[PDB]
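Next up, work-v5.cif (mmCIF, C-alpha atoms):
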data_data
loop_
_atom_site.group_PDB
_atom_site.id
_atom_site.type_symbol
_atom_site.label_atom_id
_atom_site.label_comp_id
_atom_site.auth_asym_id
_atom_site.auth_seq_id
_atom_site.Cartn_x
_atom_site.Cartn_y
_atom_site.Cartn_z
ATOM 1 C CA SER A 1 -40.097 -26.562 -44.392
ATOM 2 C CA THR A 2 -40.151 -23.772 -46.979
ATOM 3 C CA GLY A 3 -38.945 -20.211 -47.265
ATOM 4 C CA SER A 4 -40.031 -17.276 -49.452
ATOM 5 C CA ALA A 5 -38.190 -13.947 -49.692
ATOM 6 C CA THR A 6 -38.619 -10.937 -51.932
ATOM 7 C CA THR A 7 -35.610 -9.889 -54.026
ATOM 8 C CA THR A 8 -35.309 -6.224 -55.044
ATOM 9 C CA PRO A 9 -33.203 -4.583 -57.780
ATOM 10 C CA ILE A 10 -30.393 -2.450 -56.343
ATOM 11 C CA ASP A 11 -30.858 0.298 -58.978
ATOM 12 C CA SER A 12 -32.889 1.391 -62.002
ATOM 13 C CA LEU A 13 -30.924 -0.897 -64.355
ATOM 14 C CA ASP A 14 -31.418 -4.184 -62.412
ATOM 15 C CA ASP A 15 -27.651 -4.397 -62.019
ATOM 16 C CA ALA A 16 -28.164 -6.890 -59.194
ATOM 17 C CA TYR A 17 -30.822 -7.981 -56.751
ATOM 18 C CA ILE A 18 -30.744 -7.968 -52.940
ATOM 19 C CA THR A 19 -32.637 -10.256 -50.599
ATOM 20 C CA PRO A 20 -32.871 -9.715 -46.832
ATOM 21 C CA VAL A 21 -31.223 -12.424 -44.742
ATOM 22 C CA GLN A 22 -31.406 -12.824 -40.932
ATOM 23 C CA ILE A 23 -28.061 -13.787 -39.337
ATOM 24 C CA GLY A 24 -27.452 -14.446 -35.661
ATOM 25 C CA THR A 25 -29.381 -14.073 -32.408
ATOM 26 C CA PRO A 26 -30.932 -11.585 -32.053
ATOM 27 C CA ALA A 27 -31.294 -11.348 -35.820
ATOM 28 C CA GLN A 28 -29.022 -9.058 -37.782
ATOM 29 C CA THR A 29 -30.656 -8.419 -41.181
ATOM 30 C CA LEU A 30 -28.265 -7.982 -44.102
ATOM 31 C CA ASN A 31 -29.198 -7.520 -47.744
ATOM 32 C CA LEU A 32 -27.365 -10.184 -49.744
ATOM 33 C CA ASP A 33 -26.869 -10.821 -53.431
ATOM 34 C CA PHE A 34 -28.116 -14.387 -54.038
ATOM 35 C CA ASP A 35 -25.633 -15.829 -56.551
ATOM 36 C CA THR A 36 -26.304 -19.151 -58.315
ATOM 37 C CA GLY A 37 -22.806 -18.815 -59.813
ATOM 38 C CA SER A 38 -20.838 -19.100 -56.524
ATOM 39 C CA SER A 39 -20.926 -21.069 -53.293
ATOM 40 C CA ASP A 40 -19.802 -18.765 -50.451
ATOM 41 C CA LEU A 41 -22.079 -16.921 -48.030
ATOM 42 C CA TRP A 42 -19.929 -13.953 -47.095
ATOM 43 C CA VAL A 43 -20.766 -10.671 -45.391
ATOM 44 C CA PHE A 44 -19.439 -7.272 -44.571
ATOM 45 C CA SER A 45 -18.647 -7.484 -40.900
ATOM 46 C CA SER A 46 -17.161 -5.850 -37.791
ATOM 47 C CA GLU A 47 -13.864 -7.403 -39.031
ATOM 48 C CA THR A 48 -13.919 -5.685 -42.452
ATOM 49 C CA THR A 49 -11.077 -3.147 -42.927
ATOM 50 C CA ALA A 50 -12.813 0.145 -41.967
ATOM 51 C CA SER A 51 -11.630 2.020 -45.125
ATOM 52 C CA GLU A 52 -13.336 -0.704 -47.250
ATOM 53 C CA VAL A 53 -16.790 -0.214 -45.682
ATOM 54 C CA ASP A 54 -18.912 2.642 -47.144
ATOM 55 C CA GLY A 55 -22.584 2.403 -46.149
ATOM 56 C CA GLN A 56 -23.042 -1.393 -45.972
ATOM 57 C CA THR A 57 -24.752 -3.007 -43.011
ATOM 58 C CA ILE A 58 -22.273 -5.221 -41.183
ATOM 59 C CA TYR A 59 -22.576 -8.506 -39.325
ATOM 60 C CA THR A 60 -21.046 -8.317 -35.804
ATOM 61 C CA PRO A 61 -20.541 -11.875 -34.542
ATOM 62 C CA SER A 62 -19.713 -10.678 -31.021
ATOM 63 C CA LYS A 63 -23.360 -9.446 -30.736
ATOM 64 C CA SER A 64 -24.791 -12.873 -31.723
ATOM 65 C CA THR A 65 -25.344 -15.381 -28.914
ATOM 66 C CA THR A 66 -25.300 -18.201 -31.526
ATOM 67 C CA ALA A 67 -22.107 -17.176 -33.376
ATOM 68 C CA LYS A 68 -19.095 -19.525 -33.006
ATOM 69 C CA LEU A 69 -15.666 -18.937 -34.623
ATOM 70 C CA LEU A 70 -14.920 -21.811 -37.017
ATOM 71 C CA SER A 71 -11.386 -22.058 -35.701
ATOM 72 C CA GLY A 72 -8.633 -21.985 -38.316
ATOM 73 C CA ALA A 73 -10.962 -21.570 -41.278
ATOM 74 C CA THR A 74 -10.283 -18.904 -43.912
ATOM 75 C CA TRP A 75 -11.773 -18.060 -47.264
ATOM 76 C CA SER A 76 -10.789 -16.099 -50.360
ATOM 77 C CA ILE A 77 -12.779 -15.681 -53.555
ATOM 78 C CA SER A 78 -12.322 -14.044 -56.959
ATOM 79 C CA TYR A 79 -15.342 -13.422 -59.228
ATOM 80 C CA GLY A 80 -15.620 -13.271 -63.037
ATOM 81 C CA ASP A 81 -15.771 -9.429 -62.942
ATOM 82 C CA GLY A 82 -12.310 -9.233 -61.201
ATOM 83 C CA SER A 83 -13.797 -8.472 -57.739
ATOM 84 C CA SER A 84 -12.681 -10.338 -54.632
ATOM 85 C CA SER A 85 -13.042 -10.732 -50.893
ATOM 86 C CA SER A 86 -11.505 -12.788 -48.099
ATOM 87 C CA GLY A 87 -11.615 -13.368 -44.385
ATOM 88 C CA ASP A 88 -12.400 -15.813 -41.611
ATOM 89 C CA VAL A 89 -15.479 -17.865 -40.740
ATOM 90 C CA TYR A 90 -18.167 -18.132 -38.078
ATOM 91 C CA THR A 91 -21.019 -20.552 -37.822
ATOM 92 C CA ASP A 92 -24.381 -19.012 -36.942
ATOM 93 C CA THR A 93 -28.126 -19.297 -37.497
ATOM 94 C CA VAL A 94 -29.202 -17.970 -40.907
ATOM 95 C CA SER A 95 -32.821 -17.496 -42.000
ATOM 96 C CA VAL A 96 -34.155 -16.634 -45.460
ATOM 97 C CA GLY A 97 -37.826 -15.905 -45.861
ATOM 98 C CA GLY A 98 -38.770 -17.894 -42.751
ATOM 99 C CA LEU A 99 -36.474 -20.908 -43.532
ATOM 100 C CA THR A 100 -33.808 -21.364 -40.846
ATOM 101 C CA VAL A 101 -30.455 -23.165 -41.001
ATOM 102 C CA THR A 102 -28.439 -23.640 -37.831
ATOM 103 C CA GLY A 103 -24.681 -23.956 -38.027
ATOM 104 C CA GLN A 104 -24.393 -22.175 -41.400
ATOM 105 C CA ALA A 105 -20.885 -21.029 -42.331
ATOM 106 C CA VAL A 106 -20.984 -17.218 -42.410
ATOM 107 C CA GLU A 107 -17.770 -16.014 -44.042
ATOM 108 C CA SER A 108 -16.780 -12.701 -42.408
ATOM 109 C CA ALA A 109 -14.886 -10.370 -44.726
ATOM 110 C CA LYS A 110 -11.620 -8.884 -43.529
ATOM 111 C CA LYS A 111 -10.932 -7.464 -47.034
ATOM 112 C CA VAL A 112 -13.164 -6.624 -49.976
ATOM 113 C CA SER A 113 -12.223 -5.186 -53.395
ATOM 114 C CA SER A 114 -13.194 -1.699 -54.523
ATOM 115 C CA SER A 115 -16.322 -2.748 -56.454
ATOM 116 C CA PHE A 116 -17.834 -4.161 -53.207
ATOM 117 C CA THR A 117 -16.910 -1.079 -51.156
ATOM 118 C CA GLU A 118 -18.390 1.202 -53.856
ATOM 119 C CA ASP A 119 -21.754 -0.656 -53.806
ATOM 120 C CA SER A 120 -23.395 0.450 -50.509
ATOM 121 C CA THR A 121 -26.565 -1.587 -51.338
ATOM 122 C CA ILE A 122 -24.939 -5.078 -51.182
ATOM 123 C CA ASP A 123 -23.986 -6.343 -47.708
ATOM 124 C CA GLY A 124 -22.554 -9.626 -49.034
ATOM 125 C CA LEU A 125 -23.271 -12.654 -51.186
ATOM 126 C CA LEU A 126 -25.239 -15.828 -50.611
ATOM 127 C CA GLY A 127 -23.956 -18.515 -52.961
ATOM 128 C CA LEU A 128 -26.330 -21.050 -54.467
ATOM 129 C CA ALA A 129 -24.031 -22.965 -56.818
ATOM 130 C CA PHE A 130 -22.769 -26.425 -55.765
ATOM 131 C CA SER A 131 -20.823 -26.677 -52.525
ATOM 132 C CA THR A 132 -17.789 -28.109 -54.416
ATOM 133 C CA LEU A 133 -17.003 -24.441 -55.279
ATOM 134 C CA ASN A 134 -16.988 -23.188 -51.682
ATOM 135 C CA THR A 135 -13.629 -21.584 -50.896
ATOM 136 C CA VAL A 136 -13.368 -22.226 -47.112
ATOM 137 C CA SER A 137 -10.048 -23.857 -46.175
ATOM 138 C CA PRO A 138 -9.058 -26.254 -44.766
ATOM 139 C CA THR A 139 -12.607 -27.653 -44.342
ATOM 140 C CA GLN A 140 -14.914 -26.782 -47.270
ATOM 141 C CA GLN A 141 -18.359 -25.585 -46.180
ATOM 142 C CA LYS A 142 -21.875 -26.148 -47.492
ATOM 143 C CA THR A 143 -24.171 -23.567 -49.059
ATOM 144 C CA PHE A 144 -27.343 -22.424 -47.326
ATOM 145 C CA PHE A 145 -29.323 -24.525 -49.851
ATOM 146 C CA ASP A 146 -27.264 -27.642 -49.291
ATOM 147 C CA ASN A 147 -27.663 -27.263 -45.493
ATOM 148 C CA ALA A 148 -31.458 -26.618 -45.814
ATOM 149 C CA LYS A 149 -32.114 -29.337 -48.439
ATOM 150 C CA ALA A 150 -32.935 -32.306 -46.200
ATOM 151 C CA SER A 151 -35.485 -30.158 -44.244
ATOM 152 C CA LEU A 152 -37.253 -28.733 -47.322
ATOM 153 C CA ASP A 153 -40.573 -30.056 -48.531
ATOM 154 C CA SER A 154 -38.945 -30.524 -52.009
ATOM 155 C CA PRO A 155 -35.180 -30.171 -52.657
ATOM 156 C CA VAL A 156 -35.556 -27.101 -54.897
ATOM 157 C CA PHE A 157 -35.321 -23.353 -54.945
ATOM 158 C CA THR A 158 -36.784 -21.010 -57.556
ATOM 159 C CA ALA A 159 -35.691 -17.675 -58.922
ATOM 160 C CA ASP A 160 -38.388 -15.270 -60.117
ATOM 161 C CA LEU A 161 -36.482 -12.065 -60.894
ATOM 162 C CA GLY A 162 -38.387 -8.912 -61.857
ATOM 163 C CA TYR A 163 -37.760 -6.493 -64.718
ATOM 164 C CA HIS A 164 -37.396 -3.131 -62.998
ATOM 165 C CA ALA A 165 -39.454 -4.620 -60.154
ATOM 166 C CA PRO A 166 -39.116 -6.910 -57.139
ATOM 167 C CA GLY A 167 -39.290 -10.679 -57.505
ATOM 168 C CA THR A 168 -39.046 -13.757 -55.338
ATOM 169 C CA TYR A 169 -36.698 -16.525 -54.216
ATOM 170 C CA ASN A 170 -38.587 -19.536 -52.888
ATOM 171 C CA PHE A 171 -37.043 -22.541 -51.137
ATOM 172 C CA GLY A 172 -38.686 -25.954 -50.913
ATOM 173 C CA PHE A 173 -41.720 -25.488 -53.171
ATOM 174 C CA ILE A 174 -42.734 -24.465 -56.696
ATOM 175 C CA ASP A 175 -45.391 -21.653 -56.711
ATOM 176 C CA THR A 176 -47.664 -22.823 -59.539
ATOM 177 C CA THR A 177 -49.274 -19.296 -59.576
ATOM 178 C CA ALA A 178 -45.942 -17.630 -60.459
ATOM 179 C CA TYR A 179 -45.635 -18.844 -64.101
ATOM 180 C CA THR A 180 -47.703 -19.462 -67.215
ATOM 181 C CA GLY A 181 -47.878 -22.699 -69.169
ATOM 182 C CA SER A 182 -45.652 -25.581 -68.116
ATOM 183 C CA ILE A 183 -42.092 -25.834 -66.763
ATOM 184 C CA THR A 184 -39.554 -27.399 -69.160
ATOM 185 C CA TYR A 185 -36.789 -29.223 -67.345
ATOM 186 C CA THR A 186 -33.295 -29.704 -68.808
ATOM 187 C CA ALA A 187 -30.201 -31.611 -67.734
ATOM 188 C CA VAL A 188 -27.505 -30.095 -65.554
ATOM 189 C CA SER A 189 -23.813 -30.901 -65.375
ATOM 190 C CA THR A 190 -22.270 -30.270 -61.967
ATOM 191 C CA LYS A 191 -18.730 -30.993 -63.274
ATOM 192 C CA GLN A 192 -17.628 -27.323 -62.939
ATOM 193 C CA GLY A 193 -19.748 -26.687 -59.780
ATOM 194 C CA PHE A 194 -22.293 -24.574 -61.648
ATOM 195 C CA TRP A 195 -25.913 -24.947 -62.752
ATOM 196 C CA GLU A 196 -24.580 -25.746 -66.239
ATOM 197 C CA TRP A 197 -27.034 -26.683 -68.975
ATOM 198 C CA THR A 198 -27.368 -26.659 -72.763
ATOM 199 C CA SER A 199 -29.752 -24.346 -74.540
ATOM 200 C CA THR A 200 -31.207 -25.662 -77.800
ATOM 201 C CA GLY A 201 -30.761 -22.456 -79.802
ATOM 202 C CA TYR A 202 -31.878 -18.902 -80.309
ATOM 203 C CA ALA A 203 -33.821 -16.426 -82.413
ATOM 204 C CA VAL A 204 -33.386 -12.677 -82.890
ATOM 205 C CA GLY A 205 -36.607 -10.702 -82.925
ATOM 206 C CA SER A 206 -39.185 -12.251 -85.218
ATOM 207 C CA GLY A 207 -36.419 -14.208 -87.064
ATOM 208 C CA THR A 208 -36.299 -17.945 -87.540
ATOM 209 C CA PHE A 209 -35.088 -20.078 -84.669
ATOM 210 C CA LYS A 210 -31.520 -21.412 -85.065
ATOM 211 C CA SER A 211 -31.149 -24.911 -83.592
ATOM 212 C CA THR A 212 -27.703 -25.011 -82.007
ATOM 213 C CA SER A 213 -26.375 -26.308 -78.649
ATOM 214 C CA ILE A 214 -25.185 -23.522 -76.319
ATOM 215 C CA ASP A 215 -23.685 -24.766 -73.068
ATOM 216 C CA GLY A 216 -23.810 -22.184 -70.290
ATOM 217 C CA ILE A 217 -24.585 -21.520 -66.648
ATOM 218 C CA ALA A 218 -27.669 -20.131 -64.921
ATOM 219 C CA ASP A 219 -26.097 -17.328 -62.870
ATOM 220 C CA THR A 220 -28.258 -14.932 -60.857
ATOM 221 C CA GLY A 221 -25.124 -13.089 -59.764
ATOM 222 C CA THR A 222 -24.240 -11.976 -63.315
ATOM 223 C CA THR A 223 -26.183 -8.998 -64.699
ATOM 224 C CA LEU A 224 -25.968 -9.654 -68.449
ATOM 225 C CA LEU A 225 -26.389 -12.481 -70.983
ATOM 226 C CA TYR A 226 -22.993 -13.632 -72.302
ATOM 227 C CA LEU A 227 -23.145 -15.844 -75.417
ATOM 228 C CA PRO A 228 -20.834 -16.921 -78.230
ATOM 229 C CA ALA A 229 -19.602 -14.146 -80.501
ATOM 230 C CA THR A 230 -21.488 -15.566 -83.511
ATOM 231 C CA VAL A 231 -24.844 -15.358 -81.644
ATOM 232 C CA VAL A 232 -24.144 -11.908 -80.216
ATOM 233 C CA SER A 233 -23.078 -10.522 -83.645
ATOM 234 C CA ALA A 234 -26.284 -11.901 -85.163
ATOM 235 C CA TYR A 235 -28.328 -10.071 -82.501
ATOM 236 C CA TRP A 236 -26.623 -6.666 -82.733
ATOM 237 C CA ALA A 237 -26.584 -6.775 -86.576
ATOM 238 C CA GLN A 238 -30.376 -6.173 -86.272
ATOM 239 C CA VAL A 239 -29.834 -2.823 -84.466
ATOM 240 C CA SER A 240 -28.881 0.135 -86.685
ATOM 241 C CA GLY A 241 -25.669 1.712 -85.477
ATOM 242 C CA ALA A 242 -24.790 -1.025 -82.914
ATOM 243 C CA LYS A 243 -21.109 -1.865 -82.686
ATOM 244 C CA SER A 244 -18.610 -3.535 -80.420
ATOM 245 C CA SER A 245 -16.510 -0.865 -78.681
ATOM 246 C CA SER A 246 -13.140 -2.017 -77.257
ATOM 247 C CA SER A 247 -12.971 1.395 -75.425
ATOM 248 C CA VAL A 248 -16.316 0.814 -73.630
ATOM 249 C CA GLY A 249 -15.874 -2.972 -73.229
ATOM 250 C CA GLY A 250 -18.676 -4.458 -75.312
ATOM 251 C CA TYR A 251 -21.543 -3.799 -77.688
ATOM 252 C CA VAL A 252 -23.117 -0.365 -77.571
ATOM 253 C CA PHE A 253 -26.084 0.919 -79.514
ATOM 254 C CA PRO A 254 -27.793 4.255 -80.161
ATOM 255 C CA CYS A 255 -30.025 5.178 -77.285
ATOM 256 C CA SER A 256 -32.642 6.113 -79.938
ATOM 257 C CA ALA A 257 -32.952 2.447 -80.979
ATOM 258 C CA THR A 258 -35.826 0.070 -80.377
ATOM 259 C CA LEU A 259 -34.184 -3.281 -79.522
ATOM 260 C CA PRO A 260 -35.457 -6.606 -80.843
ATOM 261 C CA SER A 261 -36.315 -9.455 -78.522
ATOM 262 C CA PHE A 262 -34.008 -12.436 -78.060
ATOM 263 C CA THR A 263 -35.362 -15.975 -77.741
ATOM 264 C CA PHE A 264 -33.435 -18.890 -76.212
ATOM 265 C CA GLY A 265 -34.379 -22.564 -76.355
ATOM 266 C CA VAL A 266 -34.971 -24.860 -73.386
ATOM 267 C CA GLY A 267 -35.552 -28.255 -74.962
ATOM 268 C CA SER A 268 -38.510 -27.707 -77.337
ATOM 269 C CA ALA A 269 -39.659 -24.687 -75.306
ATOM 270 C CA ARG A 270 -38.725 -21.051 -75.886
ATOM 271 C CA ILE A 271 -38.074 -18.154 -73.493
ATOM 272 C CA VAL A 272 -38.438 -14.697 -75.011
ATOM 273 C CA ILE A 273 -36.388 -11.829 -73.608
ATOM 274 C CA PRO A 274 -38.162 -8.560 -74.554
ATOM 275 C CA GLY A 275 -35.973 -5.971 -76.255
ATOM 276 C CA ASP A 276 -36.368 -3.565 -73.344
ATOM 277 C CA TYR A 277 -34.609 -6.074 -71.023
ATOM 278 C CA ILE A 278 -31.485 -5.730 -73.219
ATOM 279 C CA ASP A 279 -31.148 -1.945 -72.674
ATOM 280 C CA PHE A 280 -28.633 -1.037 -69.967
ATOM 281 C CA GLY A 281 -28.846 2.694 -70.637
ATOM 282 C CA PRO A 282 -26.220 5.345 -71.337
ATOM 283 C CA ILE A 283 -22.603 4.261 -71.093
ATOM 284 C CA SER A 284 -21.883 7.398 -69.046
ATOM 285 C CA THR A 285 -24.293 9.869 -67.681
ATOM 286 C CA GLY A 286 -26.011 11.860 -70.488
ATOM 287 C CA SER A 287 -24.436 9.832 -73.353
ATOM 288 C CA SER A 288 -26.492 8.898 -76.409
ATOM 289 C CA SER A 289 -24.550 5.591 -76.611
ATOM 290 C CA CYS A 290 -26.281 2.861 -74.621
ATOM 291 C CA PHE A 291 -24.777 -0.374 -73.286
ATOM 292 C CA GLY A 292 -26.143 -3.676 -74.512
ATOM 293 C CA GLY A 293 -27.433 -6.445 -72.299
ATOM 294 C CA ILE A 294 -26.260 -9.241 -74.590
ATOM 295 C CA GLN A 295 -22.450 -9.460 -74.761
ATOM 296 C CA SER A 296 -19.844 -11.884 -76.069
ATOM 297 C CA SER A 297 -18.586 -14.626 -73.766
ATOM 298 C CA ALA A 298 -15.434 -15.023 -75.955
ATOM 299 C CA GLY A 299 -13.070 -13.539 -73.271
ATOM 300 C CA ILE A 300 -14.725 -15.560 -70.321
ATOM 301 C CA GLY A 301 -14.414 -19.297 -71.133
ATOM 302 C CA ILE A 302 -18.152 -19.970 -70.420
ATOM 303 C CA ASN A 303 -21.532 -18.746 -71.594
ATOM 304 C CA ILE A 304 -23.562 -17.102 -68.830
ATOM 305 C CA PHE A 305 -27.341 -16.925 -68.665
ATOM 306 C CA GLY A 306 -27.322 -13.973 -66.234
ATOM 307 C CA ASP A 307 -30.165 -11.816 -64.982
ATOM 308 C CA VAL A 308 -31.098 -10.497 -68.475
ATOM 309 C CA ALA A 309 -32.097 -14.030 -69.427
ATOM 310 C CA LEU A 310 -33.265 -15.382 -66.081
ATOM 311 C CA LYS A 311 -35.632 -12.459 -65.328
ATOM 312 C CA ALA A 312 -37.633 -13.422 -68.480
ATOM 313 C CA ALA A 313 -38.466 -16.785 -66.854
ATOM 314 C CA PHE A 314 -39.573 -18.583 -63.736
ATOM 315 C CA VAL A 315 -36.495 -20.735 -63.019
ATOM 316 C CA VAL A 316 -36.404 -23.943 -60.972
ATOM 317 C CA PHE A 317 -33.100 -25.010 -59.478
ATOM 318 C CA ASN A 318 -33.805 -28.693 -58.775
ATOM 319 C CA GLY A 319 -31.299 -30.040 -56.249
ATOM 320 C CA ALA A 320 -32.549 -33.632 -56.311
ATOM 321 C CA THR A 321 -29.930 -36.422 -56.433
ATOM 322 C CA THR A 322 -29.771 -35.795 -60.219
ATOM 323 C CA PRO A 323 -30.012 -31.969 -60.438
ATOM 324 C CA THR A 324 -31.976 -30.340 -63.235
ATOM 325 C CA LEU A 325 -33.045 -26.800 -64.262
ATOM 326 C CA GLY A 326 -36.574 -25.841 -65.161
ATOM 327 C CA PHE A 327 -37.751 -22.809 -67.108
ATOM 328 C CA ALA A 328 -41.267 -21.473 -67.554
ATOM 329 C CA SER A 329 -42.575 -18.308 -69.155
ATOM 330 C CA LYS A 330 -44.337 -15.865 -66.814
#
What do you get writing this file as structure tokens?
Amino acid sequence: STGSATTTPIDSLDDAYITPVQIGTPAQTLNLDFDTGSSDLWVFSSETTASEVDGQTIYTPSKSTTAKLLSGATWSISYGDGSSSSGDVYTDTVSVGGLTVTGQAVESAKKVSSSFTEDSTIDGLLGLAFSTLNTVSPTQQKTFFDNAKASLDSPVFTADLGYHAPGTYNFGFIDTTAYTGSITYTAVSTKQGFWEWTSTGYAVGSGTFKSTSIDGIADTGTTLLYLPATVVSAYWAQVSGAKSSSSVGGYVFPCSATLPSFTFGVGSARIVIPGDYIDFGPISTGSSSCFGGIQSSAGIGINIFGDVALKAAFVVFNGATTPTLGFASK
């Protein structure tokens, strides 16, 4: 089997991407944030505290003939941005882009944090990291990918995120029309439950390439590119008037600037992030200070290749017995 679904930016900045997902019988379609940095499929639901729902579409298990309470199971998750959610669990039929899993754990939110409530465009998350990170207790649950894997034509999914445009998540096949050149594969460590890999270095604009190992994760659920402070300082030093602002929470730059590109290494291959991808616009409405898309990881504990980086590539998440990542230009 295969599946193919279009993923659409939630706003003009590509802050996140939503993908429609069919849950239950008859289908209830929710728009979920596919997150390669977490392992829970959770949804706004009929159980979510009413004051914490503001415009999201909800899953109502009582209207699904295939929903079953997963008795005793609870979940609770905290993300890198300080957001959180928790609740109980149903199993139900879940389909993405024509690919169906029966008996998928659908984590029904009873509580969500303010950032989820305030984002009416995101109806929940679909985690695509390794199932070792799933938070369901007392019986950990599998991701949609892990449940689909054995049925797929190839044990892979691909992320093809757009810049200010829709893109695609494919399951079970590699669309050889969707990228240019060849795909460079690189090793993955699953020790932390992430798609963790080591970049071979970076360049700023037309500058020379610096060969240096940068361990980080491929995380579709993170907007920006978070790298070591040395690398980030080297990038923003090439933008007149750029500075790190403790008041704003990162590097800002004059909105009048033209940003340089940023290149990262994948083995001997190179992925170029155009300068425009690194512009996240005014820090507040009407400001002439703009927020940068490359930020320091120093306060995180891991480097994150988020959407800024991933949307410059066609990315293969190879879930074979030995997982690997692949990157191609596009």
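Candidate residues A:227, A:248, A:320, A:309 were compared for distance to residue 154 of chain A, and the nearest is A:320, using only C-alpha atoms.
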Which residues match the PyMOL selection byres ((chain A and resi 120-128) around 8) in the file above, as a PyMOL selection string?
chain A and resi 10+18+30-44+54-58+116-119+129-130+143-145
May I have the selected residues written with C-alpha atoms, as a compact mmCIF listing (two decimals), keeping the file's coordinate frame?
# COMPACT_ATOMS: atom_id res chain seq x y z
CA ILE A 10 -30.39 -2.45 -56.34
CA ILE A 18 -30.74 -7.97 -52.94
CA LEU A 30 -28.26 -7.98 -44.10
CA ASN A 31 -29.20 -7.52 -47.74
CA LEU A 32 -27.36 -10.18 -49.74
CA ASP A 33 -26.87 -10.82 -53.43
CA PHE A 34 -28.12 -14.39 -54.04
CA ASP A 35 -25.63 -15.83 -56.55
CA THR A 36 -26.30 -19.15 -58.32
CA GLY A 37 -22.81 -18.82 -59.81
CA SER A 38 -20.84 -19.10 -56.52
CA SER A 39 -20.93 -21.07 -53.29
CA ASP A 40 -19.80 -18.76 -50.45
CA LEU A 41 -22.08 -16.92 -48.03
CA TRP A 42 -19.93 -13.95 -47.10
CA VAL A 43 -20.77 -10.67 -45.39
CA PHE A 44 -19.44 -7.27 -44.57
CA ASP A 54 -18.91 2.64 -47.14
CA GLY A 55 -22.58 2.40 -46.15
CA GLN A 56 -23.04 -1.39 -45.97
CA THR A 57 -24.75 -3.01 -43.01
CA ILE A 58 -22.27 -5.22 -41.18
CA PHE A 116 -17.83 -4.16 -53.21
CA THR A 117 -16.91 -1.08 -51.16
CA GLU A 118 -18.39 1.20 -53.86
CA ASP A 119 -21.75 -0.66 -53.81
CA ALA A 129 -24.03 -22.96 -56.82
CA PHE A 130 -22.77 -26.42 -55.76
CA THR A 143 -24.17 -23.57 -49.06
CA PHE A 144 -27.34 -22.42 -47.33
CA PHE A 145 -29.32 -24.52 -49.85
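By all atoms listed in the file, and with residues fewer than 4 positions from residue 153 of chain A along its chain excluded, the set lying at most 10 Å from it is residues 1, 2, 149, 171, 172 and 173 of chain A.
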Quick one: residues within 9 Å of residue 330 of chain A, all atoms listed in the file counted, chain neighbours fewer than 6 positions away excluded, as an mmCIF file with C-alpha atoms, in the coordinates of the input?
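The resulting file, selection_0.cif, is shown below:
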data_model
loop_
_atom_site.group_PDB
_atom_site.id
_atom_site.type_symbol
_atom_site.label_atom_id
_atom_site.label_comp_id
_atom_site.auth_asym_id
_atom_site.auth_seq_id
_atom_site.Cartn_x
_atom_site.Cartn_y
_atom_site.Cartn_z
ATOM 1 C CA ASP A 160 -38.388 -15.270 -60.117
ATOM 2 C CA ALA A 178 -45.942 -17.630 -60.459
ATOM 3 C CA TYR A 179 -45.635 -18.844 -64.101
ATOM 4 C CA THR A 180 -47.703 -19.462 -67.215
ATOM 5 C CA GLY A 181 -47.878 -22.699 -69.169
ATOM 6 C CA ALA A 312 -37.633 -13.422 -68.480
ATOM 7 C CA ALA A 313 -38.466 -16.785 -66.854
ATOM 8 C CA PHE A 314 -39.573 -18.583 -63.736
#
May I ask which of the residues A:6, A:324, A:91, A:81 is the closest one to residue 189 of chain A, counting all atoms listed in the file?
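Nearest to residue 189 of chain A: A:324.
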Once the PyMOL selection byres ((chain A and resi 167) around 9) is applied to the coordinates I shared, what remains selected? I want it as a VMD selection string.
chain A and resid 5 to 9 17 159 to 163 165 to 166 168 to 169 311
Would you pick out the contacts of segment 95-98 of chain A at 8 Å or less, using all atoms listed in the file, so that residues sharing its chain but fewer than 4 positions from it are not included, and give the list as a short mmCIF file (atom, residue, chain, number, x, y, z; two decimals) with C-alpha atoms, in the frame of the given file?
data_model
loop_
_atom_site.label_atom_id
_atom_site.label_comp_id
_atom_site.auth_asym_id
_atom_site.auth_seq_id
_atom_site.Cartn_x
_atom_site.Cartn_y
_atom_site.Cartn_z
CA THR A 2 -40.15 -23.77 -46.98
CA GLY A 3 -38.94 -20.21 -47.26
CA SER A 4 -40.03 -17.28 -49.45
CA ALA A 5 -38.19 -13.95 -49.69
CA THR A 6 -38.62 -10.94 -51.93
CA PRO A 20 -32.87 -9.72 -46.83
CA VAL A 21 -31.22 -12.42 -44.74
CA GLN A 22 -31.41 -12.82 -40.93
CA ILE A 23 -28.06 -13.79 -39.34
CA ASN A 170 -38.59 -19.54 -52.89
#
Which residues match the PyMOL selection byres ((chain A and resi 182) around 12) in the file above, as a VMD selection string?
chain A and resid 174 176 to 181 183 to 185 266 268 to 271 313 to 316 326 to 330
Quote the spacing between atom CA of residue 50 of chain A and atom CA of residue 113 of chain A in Å to one decimal place.
12.6 Å
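The residue that comes closest to residue 142 of chain A, out of A:303, A:158, A:104, A:64 and on the basis of only C-alpha atoms, is A:104.
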To one decimal in Å, tell me the separation between atom CA of residue 157 of chain A and atom CA of residue 60 of chain A.
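Going from atom CA of residue 157 of chain A over to atom CA of residue 60 of chain A covers 28.2 Å.
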